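Presented as C-alpha cells, the chain that follows is alone, the form deposited in one PDB entry.
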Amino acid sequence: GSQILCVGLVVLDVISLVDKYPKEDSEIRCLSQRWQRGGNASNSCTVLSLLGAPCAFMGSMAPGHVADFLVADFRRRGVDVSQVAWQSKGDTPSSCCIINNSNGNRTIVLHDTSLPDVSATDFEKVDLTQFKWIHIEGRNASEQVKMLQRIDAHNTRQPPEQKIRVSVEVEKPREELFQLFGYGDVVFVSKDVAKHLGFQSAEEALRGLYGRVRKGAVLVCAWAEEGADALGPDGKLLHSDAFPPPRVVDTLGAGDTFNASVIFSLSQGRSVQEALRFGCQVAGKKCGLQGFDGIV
C-alpha cells in the first residue's frame, strides 16, 4: 500500500499564452504556445509525483500519436500508467486553453470525445492492495459510486491501519455528480459548484453542504485568492489564507495542484489545518509559473 491512485481524465491541453483576453470577433497573435498533458486527475498525478509520492493514473485512453505524447509525459514524471483503460473506439480529448499572461486566468474549450469512460467493470480488475489513497475525479457518477462501494467493501475486511483512504472531486455544476458527496473520507467541492448551488463563500458552502457527506468525512472547498476552508466531524471550520505569487501568470491546473497537495499532506499524516495550508501554498507557487515544474 505505497501508491496513490487518481481516477479521472487525461486530456491534451493545447495552450496559447496571450497578453490580453481576446474580444469576440477579434484576431490577436499569442506570445507563446505549448502542449501540456492535462485532465484533472492527470494534473494531480503530475503534482503528486513532483511532491515525491509514488502514484498511478487510471483513465480512458485511445491509441494514437497524441496518446503517445501523453504516455511519454506520464513516464517522464514516473506516473504509473499500467492501470489505463485503453479503448478501441474514440479519439483522445483535447482542449484549447487560453492563458491570459497579465492575470493568469485560463479559459478552456474542451473537445470531449465519445471516448468511453472508465467503468466499474474496469475498476473491479484493479489490485487495491498497492494503494494507500484513491482519489476519484467525479465524471460518470452512477458508475463511480459502484467503484466506491467496491473500495468500502475492501475496507471492511482490513485493519484500520490498512484502510484505503478515499477522496472525491465534485467540480462541475452537474447534478448526476452530487451523489458522490456522498462517499470518501475527504470531499472536494469547487467554488463553481458551490456558487451554482446558491452559496457565496467557502464557509457558507461548507455549512450548507456538510449534511451530504458520509459520516466522519472532511468537506473541502477552495476559493481562489480567497484561500480555502475545510470542515470535519467536530463542526470546527478551518481556514487557510491563499499564497498568491506576486505575479500570477498561469492558473491552469491550480485546483488540481491544490487537491493533489491536500491529499499528499493528509496521506503523510498531517492535520487538516496543515494540509489546507499546504494545499494553498503549493497551488500558489504553481500560479507564479508556467506548467508544473518548479513547484518543488
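Residue indices: 1-based, along the sequence shown. For clarity, a rigid core is taken as the largest C-alpha set superposing within 1.5 Å between two forms.
In what follows, reference is made to the form deposited in another entry, a form of this protein that is not presented.
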- [ ] Once the rigid core is lined up, just say which one of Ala72, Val109, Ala153, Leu197 has a C-alpha that travels 2 Å or more between this form and the one not shown.
- [x] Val109
Open item on the list: Once the core is superposed between this form and the one not shown, does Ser32 show a C-alpha displacement of at least 2 Å?
Closed with: yes
Open item on the list: Taking 2 Å as the cut-off, check whether the CA of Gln130 shifts that much or more between this form and the one not shown after a rigid core fit.
Closed with: no
Task: Large Cα shift (2 Å or above) at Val272 between this form and the one not shown, core-fitted - done: no
